[PDB]
Structure formats: C-alpha cells, structure tokens
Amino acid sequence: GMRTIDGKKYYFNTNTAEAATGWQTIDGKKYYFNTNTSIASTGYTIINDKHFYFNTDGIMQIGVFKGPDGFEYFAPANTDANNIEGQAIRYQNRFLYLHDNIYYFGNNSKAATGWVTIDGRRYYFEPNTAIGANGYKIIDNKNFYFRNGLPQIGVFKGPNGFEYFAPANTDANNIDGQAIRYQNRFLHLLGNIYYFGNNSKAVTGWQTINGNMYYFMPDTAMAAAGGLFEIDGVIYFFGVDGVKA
C-alpha cells in the first residue's frame, strides 16, 4: 500500500501505520523515500553524493534529464566504472544514442544544447530536451529541416509548403540548410529540377512556365524528367530538362 497525501507520496508497511524510508522496489520500479522525512523523492535528487532522477510519481528514471548543472546521463548499471543503476555518470566528449534519440555530451559530462560544432559539422540540440533536432524547425526566425541534429540541404515540405534549405551563401550569407528567399525561378540541384514561386515555395502539379509544360511531383516537388511518366493514368514524355514533349 503506497499512498499519496498532501501532494507527498509515502510507502506504508501495511500492518503498521508507519511510512518507510530509503530505497524501495515497488512493482519493478525503484523509489527513494528520503531517510529524514519518509517523503518520496521527485526530480533531480542527490543520494549518498550521487545523482539520480525520479519522475513526478517517484519512479527512478534512466536517461538524460536536466539538473541544476545541466543535462546529466542517468545510466544503467555498469556503464562506467561499474556505476549503480540510475546514477548519473561521467560521460565525456561523445555521442549517446538512446534509440533514435541522439545526444552529445561535453567535457563536463553534461549534454550540449543549442548550436554546436562537432568534428567539423554543425548540429542543433533542443534546449528543452538536449535531443538532436529532427524535421522542420524555426530557430531565431530562420527555418531548418533537420535529421539527427544536422540541418539538411535540399527541398523539404514544411507547414507552409516546400522551402529551399540552401547551401551556404546562396542569399544573405545563409549557413548550410537555412531556408531562403528564392523567387520565380528554377532550381537545378543534383540532377533534380524545381520551380519556386513568388512565395519562395516550390510549385507542384502541372505548370506552364514560359510556354513550356512541366509536372512537379506532389510529394517531392521535383519535375518529372528524363523519360516516360504515367500521370493520372496518361503516358507523357518529359525531356531531361523537365519539359513535356
């Protein structure tokens, strides 16, 4: 019987009206009831000069969580110098993969947040979680499209349409991957063809431009090009320049 009164959770040894203290394994879960108050620990907690992290319900967590000195890695037993389960450990200058989530830990064993350069590459880790960014992101009024923390160069679909996340210095000295103003013009990138309207977004569907007909795929905004394509069940030929002929 584990009850919670006045926002404070306790673990009673059933038959006696007394609350328990210390580490307790309840339902496979680990809890630490402060030895001087019997109150269940929550959040960043120092125990015997070691760091542990508990959720709002007092359950000990394994992962990357923020403490007063930044995000620490509360790892499984024997991750470094036979550390105990849930304890924060020394983890310096290296990446951490917690199944598809990527973190990078600095020299201080704290996870990096914001923009950082690692081995010559620019990354962005979410300040709220320290997790490498993924997908469309607006950062300081600039748009990026990330994959595992890395800004990608290319044409990707965002909330407002396909934007051109361009190579560095294409406009206003943008850095690699920054979405830019690119209006009423074609974009030729690695063999693919796109056309951007006045809104700096790639057009899709059938389009007549300067008298030539093109069909830009709705899922990629790339022009049909270099052969026969069946569109809406009809077969057409598109030259390597994307023009139907």
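Start at 1 and count along the sequence shown; that's the residue number.
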property: Entry-level comparison of average CA B-factors, 3-11 and 234-242, reporting the higher stretch; result: 3-11
property: Of 183-191 and 206-214, the stretch whose C-alpha atoms average the higher B-factor in the entry; result: 206-214
property: Out of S109, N141, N82, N134, highest CA B-factor residue; result: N82
property: Deposited CA B-factor, highest of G197, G70, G28, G177; result: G28
property: CA B-factor ranking of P151, expressed as a third of its chain; result: lowest
property: CA B-factor ranking of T170, expressed as a third of its chain; result: lowest
property: Assigned third (lowest, middle, highest) for the C-alpha B factor of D100; result: highest
property: Third of the chain's Cα B-factor distribution that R122 belongs to, per the entry; result: lowest
property: CA B-factor placement of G161, once the chain's modelled residues are sorted into thirds; result: lowest
